[PDB]
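Enquirer: Structure file upload_28.cif, mmCIF, C-alpha atoms and all ligand atoms, is pasted below:
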```cif
data_input
#
loop_
_atom_site.label_atom_id
_atom_site.label_comp_id
_atom_site.auth_asym_id
_atom_site.auth_seq_id
_atom_site.Cartn_x
_atom_site.Cartn_y
_atom_site.Cartn_z
CA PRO A 705 110.57 68.01 81.57
CA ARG A 706 111.03 71.72 82.32
CA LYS A 707 108.35 74.10 81.05
CA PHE A 708 109.85 77.38 79.85
CA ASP A 709 108.35 80.61 78.59
CA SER A 710 107.74 80.75 74.84
CA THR A 711 110.82 82.93 74.40
CA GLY A 712 112.89 80.27 76.18
CA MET A 713 114.37 82.87 78.52
CA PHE A 714 112.54 82.15 81.79
CA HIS A 715 111.21 79.22 83.77
CA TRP A 716 107.47 78.75 83.55
CA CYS A 717 104.60 76.93 85.24
CA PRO A 718 100.90 76.64 84.36
CA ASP A 719 98.68 79.32 85.84
CA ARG A 720 97.51 78.38 89.33
CA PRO A 721 95.33 80.10 91.94
CA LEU A 722 96.91 82.07 94.76
CA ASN A 723 96.05 79.41 97.36
CA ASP A 724 98.10 76.87 95.38
CA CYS A 725 101.16 78.53 96.93
CA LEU A 726 99.65 80.50 99.83
CA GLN A 727 101.11 79.33 103.13
CA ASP A 728 100.74 80.06 106.83
CA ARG A 729 103.48 80.10 109.44
CA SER A 730 103.11 76.38 110.14
CA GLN A 731 103.42 75.47 106.46
CA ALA A 732 106.27 77.94 105.92
CA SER A 733 108.21 76.49 108.85
CA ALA A 734 107.47 72.96 107.63
CA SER A 735 109.03 73.76 104.25
CA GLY A 736 112.79 73.71 104.75
CA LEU A 737 113.52 76.92 102.89
CA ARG A 738 117.28 77.33 102.51
CA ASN A 739 119.35 79.76 100.44
CA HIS A 740 116.04 81.27 99.31
CA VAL A 741 114.99 84.89 98.77
CA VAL A 742 112.60 86.52 101.24
CA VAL A 743 110.74 89.63 100.08
CA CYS A 744 109.45 91.81 102.94
CA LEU A 745 106.80 93.80 101.07
CA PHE A 746 105.21 96.74 102.90
CA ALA A 747 102.04 97.32 100.89
CA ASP A 748 98.46 98.29 101.62
CA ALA A 749 95.31 96.73 100.18
CA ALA A 750 95.05 99.63 97.71
CA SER A 751 98.70 100.69 97.49
CA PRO A 752 99.93 101.26 93.91
CA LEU A 753 101.21 98.21 92.08
CA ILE A 754 104.99 97.88 91.84
CA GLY A 755 105.27 94.74 89.71
CA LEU A 756 106.85 92.02 91.84
CA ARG A 757 107.19 90.18 88.52
CA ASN A 758 110.24 92.33 87.77
CA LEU A 759 111.75 91.04 91.03
CA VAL A 760 111.02 87.36 90.38
CA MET A 761 111.49 87.45 86.59
CA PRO A 762 115.31 87.81 86.77
CA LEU A 763 115.28 85.15 89.50
CA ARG A 764 113.76 82.63 87.05
CA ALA A 765 116.09 82.91 84.05
CA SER A 766 116.40 79.78 81.93
CA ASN A 767 120.19 79.76 82.33
CA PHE A 768 119.62 78.61 85.92
CA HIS A 769 118.97 74.92 86.38
CA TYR A 770 115.67 74.15 88.09
CA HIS A 771 117.49 72.96 91.21
CA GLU A 772 119.57 76.17 91.06
CA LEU A 773 116.43 78.31 91.43
CA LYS A 774 116.22 80.30 94.65
CA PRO A 775 112.73 79.74 96.12
CA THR A 776 111.31 83.24 96.36
CA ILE A 777 108.81 83.79 99.18
CA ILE A 778 106.94 87.05 99.76
CA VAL A 779 105.90 88.22 103.23
CA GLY A 780 103.45 91.10 103.00
CA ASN A 781 99.85 92.19 102.63
CA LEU A 782 97.48 89.61 101.20
CA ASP A 783 95.20 91.81 99.07
CA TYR A 784 98.18 93.42 97.36
CA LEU A 785 99.47 89.92 96.64
CA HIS A 786 96.05 89.01 95.25
CA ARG A 787 96.48 91.91 92.83
CA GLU A 788 100.06 90.88 92.00
CA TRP A 789 99.31 87.17 91.55
CA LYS A 790 97.84 87.70 88.06
CA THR A 791 101.39 88.44 86.90
CA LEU A 792 103.24 86.35 89.50
CA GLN A 793 101.45 83.03 88.95
CA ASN A 794 103.65 81.78 86.10
CA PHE A 795 106.93 81.58 88.04
CA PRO A 796 107.81 78.26 89.72
CA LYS A 797 109.02 77.79 93.30
CA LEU A 798 107.19 80.96 94.35
CA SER A 799 105.43 81.09 97.71
CA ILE A 800 103.30 83.55 99.67
CA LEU A 801 103.10 84.28 103.39
CA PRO A 802 100.45 86.88 104.29
CA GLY A 803 100.73 89.29 107.20
CA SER A 804 103.09 92.12 108.01
CA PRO A 805 106.82 91.39 107.58
CA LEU A 806 107.61 93.35 110.75
CA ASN A 807 105.96 90.47 112.62
CA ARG A 808 108.89 88.46 113.96
CA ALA A 809 106.85 85.23 113.86
CA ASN A 810 106.74 85.43 110.06
CA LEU A 811 110.51 85.89 109.80
CA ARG A 812 110.94 82.93 112.14
CA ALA A 813 108.63 80.89 109.91
CA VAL A 814 110.26 81.74 106.59
CA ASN A 815 113.80 81.02 107.76
CA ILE A 816 115.55 84.38 107.50
CA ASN A 817 118.80 83.34 109.20
CA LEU A 818 119.14 80.89 106.30
CA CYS A 819 117.83 83.03 103.43
CA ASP A 820 120.31 84.02 100.74
CA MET A 821 118.82 87.52 100.57
CA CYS A 822 116.08 89.47 102.35
CA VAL A 823 114.73 92.18 100.06
CA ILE A 824 112.83 94.97 101.83
CA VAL A 825 110.47 96.78 99.43
CA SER A 826 107.89 99.37 100.48
CA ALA A 827 104.95 99.76 98.09
CA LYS A 828 103.08 102.21 100.33
CA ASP A 829 102.15 105.71 99.20
CA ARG A 830 104.83 108.03 100.59
CA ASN A 831 106.59 111.35 99.87
CA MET A 832 103.33 113.02 100.89
CA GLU A 833 104.73 113.00 104.44
CA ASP A 834 108.03 114.36 105.73
CA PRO A 835 110.84 113.19 103.41
CA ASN A 836 112.86 111.83 106.33
CA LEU A 837 109.84 109.83 107.55
CA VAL A 838 109.20 108.32 104.10
CA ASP A 839 111.25 105.16 104.76
CA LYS A 840 110.22 104.59 108.38
CA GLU A 841 108.87 101.09 107.68
CA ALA A 842 111.86 99.91 105.64
CA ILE A 843 114.38 101.15 108.22
CA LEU A 844 112.32 99.66 111.04
CA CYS A 845 112.23 96.30 109.25
CA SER A 846 115.97 96.38 108.58
CA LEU A 847 116.75 97.13 112.23
CA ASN A 848 114.27 94.51 113.44
CA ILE A 849 115.83 91.82 111.24
CA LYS A 850 119.34 92.87 112.27
CA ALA A 851 118.33 92.71 115.95
CA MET A 852 116.88 89.19 115.86
CA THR A 853 118.55 86.09 117.30
CA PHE A 854 118.36 82.49 116.11
CA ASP A 855 119.63 79.04 117.06
CA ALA B 882 71.23 102.95 143.20
CA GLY B 883 71.71 105.02 140.07
CA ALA B 884 74.31 107.35 141.59
CA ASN B 885 75.95 104.53 143.57
CA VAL B 886 77.41 102.96 140.41
CA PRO B 887 81.22 103.33 140.57
CA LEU B 888 82.39 104.62 137.19
CA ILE B 889 85.67 106.15 136.00
CA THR B 890 85.27 108.41 132.98
CA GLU B 891 88.47 109.09 131.04
CA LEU B 892 88.73 112.65 129.73
CA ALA B 893 90.51 113.55 126.50
CA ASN B 894 90.25 117.27 127.33
CA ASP B 895 90.75 117.96 131.03
CA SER B 896 88.70 121.18 130.98
CA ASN B 897 85.57 119.02 130.54
CA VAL B 898 86.02 117.62 134.07
CA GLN B 899 83.74 120.37 135.40
CA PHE B 900 80.79 118.72 133.64
CA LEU B 901 81.29 115.40 135.45
CA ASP B 902 79.75 116.67 138.71
CA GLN B 903 77.12 119.30 139.50
CA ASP B 904 77.38 119.60 143.29
CA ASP B 905 81.11 120.40 143.11
CA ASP B 906 80.46 124.16 142.76
CA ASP B 907 84.08 124.62 141.67
CA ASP B 908 85.41 127.54 139.66
CA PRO B 909 85.98 126.86 135.93
CA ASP B 910 89.59 128.09 136.09
CA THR B 911 90.62 125.44 138.63
CA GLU B 912 93.33 123.04 137.50
CA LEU B 913 92.63 119.39 136.71
CA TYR B 914 93.26 118.28 140.27
CA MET B 915 91.51 119.95 143.23
CA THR B 916 88.34 119.32 141.22
CA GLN B 917 85.81 117.03 142.88
CA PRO B 918 85.70 114.47 140.01
CA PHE B 919 89.48 114.07 139.74
CA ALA B 920 89.99 114.36 143.50
CA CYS B 921 87.41 111.59 143.91
CA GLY B 922 88.87 109.23 141.30
CA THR B 923 85.78 109.43 139.08
CA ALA B 924 87.59 111.36 136.33
CA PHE B 925 90.94 110.73 134.66
CA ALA B 926 92.69 112.81 132.00
CA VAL B 927 95.29 111.61 129.51
CA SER B 928 97.15 114.88 130.14
CA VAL B 929 98.55 113.32 133.33
CA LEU B 930 100.67 111.03 131.16
CA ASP B 931 102.28 114.14 129.67
CA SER B 932 103.48 115.09 133.15
CA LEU B 933 104.99 111.59 133.33
CA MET B 934 107.46 112.78 130.70
CA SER B 935 108.82 115.20 133.31
CA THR B 936 109.19 112.94 136.35
CA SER B 937 110.66 110.09 134.29
CA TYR B 938 113.46 112.51 133.43
CA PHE B 939 113.96 113.88 136.94
CA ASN B 940 113.62 110.48 138.63
CA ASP B 941 115.14 107.63 136.63
CA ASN B 942 113.31 104.98 138.67
CA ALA B 943 109.89 106.66 138.54
CA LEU B 944 108.64 104.93 135.39
CA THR B 945 109.82 101.46 136.39
CA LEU B 946 108.13 101.89 139.78
CA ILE B 947 104.92 103.06 138.09
CA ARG B 948 104.87 100.08 135.73
CA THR B 949 105.46 97.58 138.54
CA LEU B 950 102.70 99.19 140.61
CA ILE B 951 100.31 99.31 137.66
CA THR B 952 100.66 96.71 134.92
CA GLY B 953 100.80 93.59 137.09
CA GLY B 954 104.59 93.50 136.78
CA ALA B 955 104.94 93.54 132.97
CA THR B 956 108.30 91.79 133.02
CA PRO B 957 110.57 92.86 130.13
CA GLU B 958 110.72 89.23 129.02
CA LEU B 959 106.96 89.44 128.49
CA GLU B 960 107.22 92.16 125.86
CA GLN B 961 110.12 90.22 124.38
CA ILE B 962 107.63 87.34 124.06
CA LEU B 963 105.06 89.69 122.53
CA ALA B 964 107.83 91.04 120.29
CA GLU B 965 108.00 87.64 118.58
CA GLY B 966 104.57 88.34 117.07
CA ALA B 967 103.17 85.01 118.29
CA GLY B 968 101.11 86.88 120.89
CA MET B 969 100.67 86.03 124.54
CA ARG B 970 101.34 82.31 124.93
CA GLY B 971 101.90 79.79 127.69
CA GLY B 972 100.39 76.74 129.35
CA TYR B 973 100.51 75.02 132.71
CA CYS B 974 103.67 76.80 133.80
CA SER B 975 106.16 75.12 136.12
CA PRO B 976 106.18 76.07 139.83
CA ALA B 977 109.67 77.54 139.34
CA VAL B 978 108.21 80.45 137.37
CA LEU B 979 105.15 80.40 139.66
CA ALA B 980 107.42 81.56 142.51
CA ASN B 981 106.73 85.14 141.39
CA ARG B 982 103.02 84.27 141.35
CA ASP B 983 102.61 85.72 144.87
CA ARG B 984 103.86 89.30 144.58
CA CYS B 985 102.66 92.62 145.99
CA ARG B 986 99.38 93.90 144.55
CA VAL B 987 97.47 97.06 145.42
CA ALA B 988 94.00 96.70 146.92
CA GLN B 989 91.54 98.37 149.27
CA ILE B 990 90.45 97.34 152.76
CA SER B 991 87.53 98.58 154.83
CA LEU B 992 87.75 99.69 158.45
CA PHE B 993 84.02 98.99 158.89
CA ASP B 994 84.70 95.31 159.61
CA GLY B 995 87.63 92.94 159.93
CA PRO B 996 90.74 92.61 162.10
CA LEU B 997 91.45 96.32 161.53
CA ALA B 998 87.97 97.58 162.47
CA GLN B 999 89.15 98.86 165.87
CA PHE B 1000 91.29 101.54 164.22
CA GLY B 1001 88.15 102.94 162.59
CA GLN B 1002 86.69 103.55 166.07
CA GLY B 1003 88.41 106.89 166.49
CA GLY B 1004 91.89 105.45 166.02
CA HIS B 1005 94.88 107.18 164.47
CA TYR B 1006 96.35 106.42 161.06
CA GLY B 1007 99.85 105.64 162.34
CA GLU B 1008 98.55 102.97 164.71
CA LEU B 1009 96.74 101.25 161.83
CA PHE B 1010 99.83 101.52 159.63
CA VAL B 1011 102.22 100.00 162.16
CA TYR B 1012 99.77 97.27 163.20
CA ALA B 1013 98.99 96.23 159.62
CA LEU B 1014 102.66 96.26 158.61
CA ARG B 1015 103.70 94.22 161.65
CA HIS B 1016 100.84 91.70 161.52
CA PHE B 1017 100.00 91.14 157.84
CA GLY B 1018 102.84 92.72 155.85
CA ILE B 1019 100.39 95.35 154.60
CA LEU B 1020 101.67 98.77 153.54
CA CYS B 1021 98.96 101.43 153.93
CA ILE B 1022 99.58 103.92 151.12
CA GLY B 1023 96.71 106.25 151.87
CA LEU B 1024 93.05 106.78 152.65
CA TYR B 1025 89.85 106.82 150.61
CA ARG B 1026 87.48 108.89 152.73
CA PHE B 1027 83.94 110.18 152.27
CA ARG B 1028 83.80 113.76 151.00
CA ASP B 1029 81.46 114.49 153.89
CA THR B 1030 80.67 112.12 156.74
CA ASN B 1031 78.14 109.57 155.49
CA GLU B 1032 75.31 110.35 157.91
CA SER B 1033 72.65 110.91 155.18
CA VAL B 1034 72.37 114.52 156.44
CA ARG B 1035 75.89 115.86 155.94
CA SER B 1036 76.03 114.16 152.53
CA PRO B 1037 73.72 111.34 151.36
CA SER B 1038 76.15 110.43 148.56
CA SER B 1039 78.80 107.71 148.38
CA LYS B 1040 81.42 110.16 147.09
CA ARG B 1041 84.96 109.60 148.36
CA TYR B 1042 88.22 111.50 147.89
CA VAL B 1043 91.79 110.24 148.19
CA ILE B 1044 94.39 111.33 150.76
CA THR B 1045 97.91 110.19 149.86
CA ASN B 1046 99.78 109.12 153.02
CA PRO B 1047 98.06 111.21 155.72
CA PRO B 1048 100.08 112.20 158.81
CA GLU B 1049 100.90 109.96 161.76
CA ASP B 1050 98.08 111.28 163.97
CA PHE B 1051 95.36 111.37 161.31
CA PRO B 1052 91.98 110.39 162.80
CA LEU B 1053 90.31 107.35 161.25
CA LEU B 1054 86.58 107.42 160.58
CA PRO B 1055 84.94 103.97 160.70
CA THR B 1056 83.73 104.36 157.10
CA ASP B 1057 87.20 105.19 155.74
CA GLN B 1058 88.88 102.78 153.34
CA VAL B 1059 92.62 102.13 153.14
CA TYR B 1060 94.76 101.68 150.04
CA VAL B 1061 97.17 98.84 150.76
CA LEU B 1062 100.12 97.20 149.03
CA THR B 1063 98.98 93.80 150.21
CA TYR B 1064 101.16 90.74 149.65
CA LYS B 1065 100.01 87.12 149.33
CA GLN B 1066 96.32 88.01 149.02
BA BA C 1 80.50 121.61 137.88
#
```
Can you turn what I pasted into structure tokens?

Expert:
Amino acid sequence: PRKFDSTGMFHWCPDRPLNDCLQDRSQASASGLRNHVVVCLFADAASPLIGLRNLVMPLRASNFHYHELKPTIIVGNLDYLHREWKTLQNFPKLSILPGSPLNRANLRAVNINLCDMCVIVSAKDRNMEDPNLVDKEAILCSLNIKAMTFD
Amino acid sequence: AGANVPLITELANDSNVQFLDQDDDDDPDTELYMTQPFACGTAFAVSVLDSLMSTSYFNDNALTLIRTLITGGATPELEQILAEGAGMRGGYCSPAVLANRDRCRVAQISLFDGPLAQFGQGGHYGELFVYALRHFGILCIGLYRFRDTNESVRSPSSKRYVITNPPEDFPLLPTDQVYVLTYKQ
């Protein structure tokens, strides 16, 4: 009863619209995400595509049982995720939380004290600024997450 | 009452302050203060904040005094609350946290009328200060006084300039206003 990709290498689900998995903070907190993978994606509405598929594709290998799948959830810009959903729609257990990942309310919603890993990817256009200021957002997010407190 | 409208223009470039008033007749090379607009509170330049980088170094407690005087208190816990991204939130708060509800605000009082009107009748500033502090817990910071005595002949305008903590024996015109650090309304 598990739908796999034609090659049999990856888990698969029928194509669904973005809102089929789009969630707000209330819905994200309602879902008891545990041992999942949070992806703090710093992207603009027109920032170049980075292919989040290549991040979720290895996460959905067929050698993992369906219950062994880590529920990946992406916290980032919503238009960029609209652009990425064309490729991201076929992976099960995926979820989307719009808004900036620097917002502490999001990280409270998608339980980040309980997540198995918190990727921090920046899709913004950089290296046109000072090289030391290129990763300002990623370092700020890392420090913000490391400075949080939970119960 | 076109010219009686109280307005505070904020200036990005301080050198433009000369254009705020025409009767000032001040030299263009004058600094930001000593100019009639800034000295009257009508103008305000962002450049002042740059000078706040200096004092906050020389006086450690300058910035925390400024913020308490200015921002309504802005308790650090409040920007911790705003740091959670949920925005400003709260409901019918308990009286325990309402204990700080009655703190010291800054306001203006008029010597034209009220319990302090007698000090405007040729009284001295120190008398008003001591009386207000002893009777109402009111701390008179300074004066807001007409640029020229409002007799419609000396100056028919409602223009006022600020005097920060005038001396003990400063005479008090009846039309002068007083900046106060009033407590409990
Ligand atoms: Ba002028």

Enquirer: With 8 Å as the limit and counting only C-alpha atoms, what residues in chain A lie close to chain B? Please list them as a PyMOL selection string.

Expert: chain A and resi 807-810

Enquirer: Which residues come within 9 Å of residue B:1042, counting all atoms listed in the file, excluding same-chain residues fewer than 4 positions away, as JSON, numbers by chain?

Expert: {"B": [917, 918, 919, 920, 921, 922, 1024, 1025, 1026, 1027, 1028]}

Enquirer: Around ligand BA 1 (chain C), out to 6 Å and counting all atoms listed in the file, which residues are there? I want them as a PyMOL selection string.

Expert: chain B and resi 899-900+902-903+905-906

Enquirer: For residue A:814, please output as a PyMOL selection string all residues within 12 Å (counting all atoms listed in the file; exclusion window: fewer than 6 positions along the same chain).

Expert: chain A and resi 727-744+775-779+799-802+805+807-808+820-822

Enquirer: Do you have the atom CA of residue B:1011-atom CA of residue B:945 distance handy?

Expert: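 Taking atom CA of residue B:1011 and atom CA of residue B:945, their separation equals 26.9 Å.
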
Enquirer: Edge lengths and centre in Å to one decimal, as AutoDock Vina command-line options, is what I'm after for the box along x, y and z that holds all listed atoms of stretch 724-730 of chain A once 3 Å is added on each side.

Expert:
```
--center_x 100.8 --center_y 78.4 --center_z 102.8 --size_x 11.4 --size_y 10.1 --size_z 20.8
```

Enquirer: So what do you get for atom CA of residue A:715 versus atom CA of residue A:797, distance-wise?

Expert: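 If I compute the distance from atom CA of residue A:715 to atom CA of residue A:797, I get 9.9 Å.
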
Enquirer: What's the 6 Å shell around stretch 780-783 of chain A, counting only C-alpha atoms, without same-chain residues fewer than 3 positions away, as a list in words?

Expert: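 Residues meeting the cut-off are residues 745, 746, 747, 749, 786, 802, 803, 804 and 805 of chain A.
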
Enquirer: Find the distance between atom CA of residue B:933 and atom CA of residue B:895 and write it in Å to one decimal.

Expert: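 Between these atoms lies a distance of 15.8 Å.
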
Enquirer: Skip residue B:898 itself and residues of its chain fewer than 2 positions away, then list as a PDB file with C-alpha atoms, in the coordinates of the input all residues within 10 Å of it, counting all atoms listed in the file.

Expert:
```pdb
ATOM      1  CA  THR B 890      85.270 108.410 132.980  1.00  0.00           C
ATOM      2  CA  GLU B 891      88.470 109.090 131.040  1.00  0.00           C
ATOM      3  CA  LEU B 892      88.730 112.650 129.730  1.00  0.00           C
ATOM      4  CA  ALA B 893      90.510 113.550 126.500  1.00  0.00           C
ATOM      5  CA  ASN B 894      90.250 117.270 127.330  1.00  0.00           C
ATOM      6  CA  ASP B 895      90.750 117.960 131.030  1.00  0.00           C
ATOM      7  CA  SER B 896      88.700 121.180 130.980  1.00  0.00           C
ATOM      8  CA  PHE B 900      80.790 118.720 133.640  1.00  0.00           C
ATOM      9  CA  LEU B 901      81.290 115.400 135.450  1.00  0.00           C
ATOM     10  CA  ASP B 902      79.750 116.670 138.710  1.00  0.00           C
ATOM     11  CA  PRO B 909      85.980 126.860 135.930  1.00  0.00           C
ATOM     12  CA  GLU B 912      93.330 123.040 137.500  1.00  0.00           C
ATOM     13  CA  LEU B 913      92.630 119.390 136.710  1.00  0.00           C
ATOM     14  CA  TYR B 914      93.260 118.280 140.270  1.00  0.00           C
ATOM     15  CA  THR B 916      88.340 119.320 141.220  1.00  0.00           C
ATOM     16  CA  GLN B 917      85.810 117.030 142.880  1.00  0.00           C
ATOM     17  CA  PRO B 918      85.700 114.470 140.010  1.00  0.00           C
ATOM     18  CA  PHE B 919      89.480 114.070 139.740  1.00  0.00           C
ATOM     19  CA  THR B 923      85.780 109.430 139.080  1.00  0.00           C
ATOM     20  CA  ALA B 924      87.590 111.360 136.330  1.00  0.00           C
ATOM     21  CA  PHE B 925      90.940 110.730 134.660  1.00  0.00           C
ATOM     22  CA  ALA B 926      92.690 112.810 132.000  1.00  0.00           C
TER      23      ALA B 926
END
```

Enquirer: Write out as JSON, numbers by chain the residues lying within 10 Å of stretch 982-998 of chain B, counting all atoms listed in the file and excluding same-chain residues fewer than 5 positions away.

Expert: {"B": [949, 950, 951, 953, 954, 976, 977, 1004, 1009, 1012, 1013, 1018, 1019, 1020, 1021, 1022, 1023, 1024, 1025, 1053, 1054, 1055, 1056, 1057, 1058, 1059, 1060, 1061, 1062, 1063, 1064, 1065, 1066]}

Enquirer: Go through B:883, B:961, B:907, B:1008 and flag the residue nearest residue A:853, using only C-alpha atoms for the distances.

Expert: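 Between B:883, B:961, B:907, B:1008, the residue approaching residue A:853 most closely is B:961.
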
Enquirer: Counting only C-alpha atoms, figure out which residue out of A:830, A:706, A:713, A:760 gets nearest to residue A:793.

Expert: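 Nearest to residue A:793: A:760.
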
Enquirer: Since the input has fewer atoms than a full residue there, write stretch 967-990 of chain B out with N, CA and C atoms, as a compact mmCIF listing (two decimals), in the frame of the given file.

Expert:
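Result saved to result-v8.txt:
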```txt
# COMPACT_ATOMS: atom_id res chain seq x y z
N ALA B 967 104.05 86.15 118.03
CA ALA B 967 103.17 85.01 118.29
C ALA B 967 102.06 85.34 119.27
N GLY B 968 102.10 86.51 119.91
CA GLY B 968 101.11 86.88 120.89
C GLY B 968 101.39 86.26 122.24
N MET B 969 100.52 86.57 123.20
CA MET B 969 100.67 86.03 124.54
C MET B 969 100.42 84.52 124.52
N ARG B 970 101.41 83.77 125.00
CA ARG B 970 101.34 82.31 124.93
C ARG B 970 101.90 81.73 126.22
N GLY B 971 101.51 80.49 126.49
CA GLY B 971 101.90 79.79 127.69
C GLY B 971 100.86 78.74 128.04
N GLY B 972 101.26 77.82 128.92
CA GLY B 972 100.39 76.74 129.35
C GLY B 972 100.44 76.58 130.86
N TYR B 973 100.39 75.32 131.29
CA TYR B 973 100.51 75.02 132.71
C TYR B 973 101.95 75.21 133.15
N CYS B 974 102.29 76.44 133.53
CA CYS B 974 103.67 76.80 133.80
C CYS B 974 104.21 76.07 135.03
N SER B 975 105.52 75.83 135.03
CA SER B 975 106.16 75.12 136.12
C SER B 975 106.13 75.96 137.40
N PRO B 976 106.17 75.31 138.57
CA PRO B 976 106.18 76.07 139.83
C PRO B 976 107.41 76.96 139.99
N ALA B 977 108.49 76.69 139.25
CA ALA B 977 109.67 77.54 139.34
C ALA B 977 109.37 78.96 138.90
N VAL B 978 108.62 79.12 137.80
CA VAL B 978 108.21 80.45 137.37
C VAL B 978 106.98 80.93 138.13
N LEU B 979 106.27 80.02 138.80
CA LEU B 979 105.15 80.40 139.66
C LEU B 979 105.61 80.96 141.00
N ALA B 980 106.92 80.98 141.26
CA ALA B 980 107.42 81.56 142.51
C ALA B 980 107.09 83.04 142.59
N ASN B 981 107.14 83.74 141.46
CA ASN B 981 106.73 85.14 141.39
C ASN B 981 105.22 85.30 141.31
N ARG B 982 104.47 84.20 141.39
CA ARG B 982 103.02 84.27 141.35
C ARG B 982 102.43 85.04 142.52
N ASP B 983 103.09 85.02 143.68
CA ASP B 983 102.61 85.72 144.87
C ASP B 983 103.51 86.93 145.10
N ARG B 984 103.17 88.03 144.43
CA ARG B 984 103.86 89.30 144.58
C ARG B 984 102.92 90.32 145.21
N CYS B 985 103.39 91.56 145.30
CA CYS B 985 102.66 92.62 145.99
C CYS B 985 101.71 93.30 145.02
N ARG B 986 100.42 93.19 145.29
CA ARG B 986 99.38 93.90 144.55
C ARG B 986 98.83 95.03 145.40
N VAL B 987 98.13 95.95 144.75
CA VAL B 987 97.47 97.06 145.42
C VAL B 987 95.98 96.76 145.50
N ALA B 988 95.40 96.98 146.68
CA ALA B 988 94.00 96.70 146.92
C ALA B 988 93.46 97.71 147.92
N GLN B 989 92.19 97.55 148.27
CA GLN B 989 91.54 98.37 149.27
C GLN B 989 91.01 97.48 150.40
N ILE B 990 91.07 98.01 151.62
CA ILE B 990 90.45 97.34 152.76
C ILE B 990 89.51 98.33 153.43
```
